[PDB]
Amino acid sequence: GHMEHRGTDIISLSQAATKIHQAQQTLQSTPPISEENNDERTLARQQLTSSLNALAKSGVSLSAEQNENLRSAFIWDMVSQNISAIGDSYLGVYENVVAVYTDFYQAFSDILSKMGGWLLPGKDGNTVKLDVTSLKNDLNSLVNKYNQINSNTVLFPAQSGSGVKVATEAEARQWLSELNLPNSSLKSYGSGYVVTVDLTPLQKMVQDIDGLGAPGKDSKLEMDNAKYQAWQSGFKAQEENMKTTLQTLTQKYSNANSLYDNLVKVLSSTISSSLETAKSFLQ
């Protein structure tokens, strides 16, 4: 126990520091907005835990100060199992939440981009013509696509392959509450439950369109500017509801990513103190 090996300790700790920093670079710069990006993020976490496993077998010994720092934040075996759990069951879910909601919200954006072509001149400068039928039809089509249970619609559990991974009602409700989503986002499927995107603003938009009254013979609805503006204000409010839901989810993702990054910083700082120890000697 008297034989020192500073050279190997420095190489081992440096290797770990490098793998951790590379994973951290990925996790800070890659947005969780597509399956491809989340694959990259998941790989970075696998690389990080592999590096801790390699560090555990290396020979480097931590001090009481460092052992304690690690116990309170999260021995190398326990740190690896704990951080893996957080990446997979917490940050990994949030990444899925954002990628799925991204694509859903993009579909909604594409509908909104058509709305200029659905507003026509009225008979005079006090009236407009809204194509209520085309607008209703596109919105209903979005509802019907995202009302299904598949990899396009399921926020939790994260999905892969051709089966539908489901959770217990208790587990799904926890995530429903965590995500601040309405009860309608909790769906039974087969033997369990899933959490899905919130369609209620779109459904409300469609109701409000019908509330305008039956279209004319062209399937479009003539309205005075006052009626139109009031409808537009109501439509905008529903768009704002969806925007707020997405905003909440992306912020919550970011904080889950910050919580994981705080743990990564503890790892980095532990390794950097050990590196100082390997390089230093009392006069």
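When you see a residue number, it is the position in the sequence shown, counting from 1.
Novice: Please figure out whether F74 and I75 are truly consecutive in the deposited sequence or have unmodelled residues between them, and give none, 1 to 3, 4 to 9, or 10 or more.
Specialist: 10 or more residues are missing.
Novice: Should the higher mean CA B-factor in the entry be assigned to 236-244 or to 211-219?
Specialist: Averaging CA B-factors over each stretch, the winner is 211-219.
Novice: Mean CA temperature factor from the deposited coordinates, higher in 121-129 or in 86-94?
Specialist: Per the PDB record, 121-129.
Novice: Quiz for you: based on the deposited Cα B-factor, which of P182, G116, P157, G190 is highest?
Specialist: Highest CA B-factor of the listed options: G116.
Novice: Using only the C-alpha B-factors in the record, can you name which of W175, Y146, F108, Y101 has the highest?
Specialist: In the PDB entry, the greatest C-alpha B-factor among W175, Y146, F108, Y101 is found at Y146.
Novice: Among the modelled residues of its chain, does the C-alpha B-factor of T26 lie in the lowest, middle or highest third?
Specialist: Lowest third of the chain for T26's C-alpha B-factor.
Novice: Please place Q46 in the lowest, middle or highest third of its chain according to the CA B-factor in the PDB entry.
Specialist: It belongs to the middle third of the chain when residues are ordered by C-alpha B-factor.
Novice: Can you tell me which third, lowest, middle or highest, the CA B-factor of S58 falls into for its chain?
Specialist: Highest third, going by the recorded CA B-factors of the chain.
Novice: Please place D39 in the lowest, middle or highest third of its chain by C-alpha B factor as given in the entry.
Specialist: Within its chain, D39 is a lowest-third residue by C-alpha B-factor, going by the deposited values.
Novice: Considering only modelled residues of the same chain, in which third does the CA B-factor of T196 rank: lowest, middle or highest?
Specialist: Bottom third by C-alpha B-factor.
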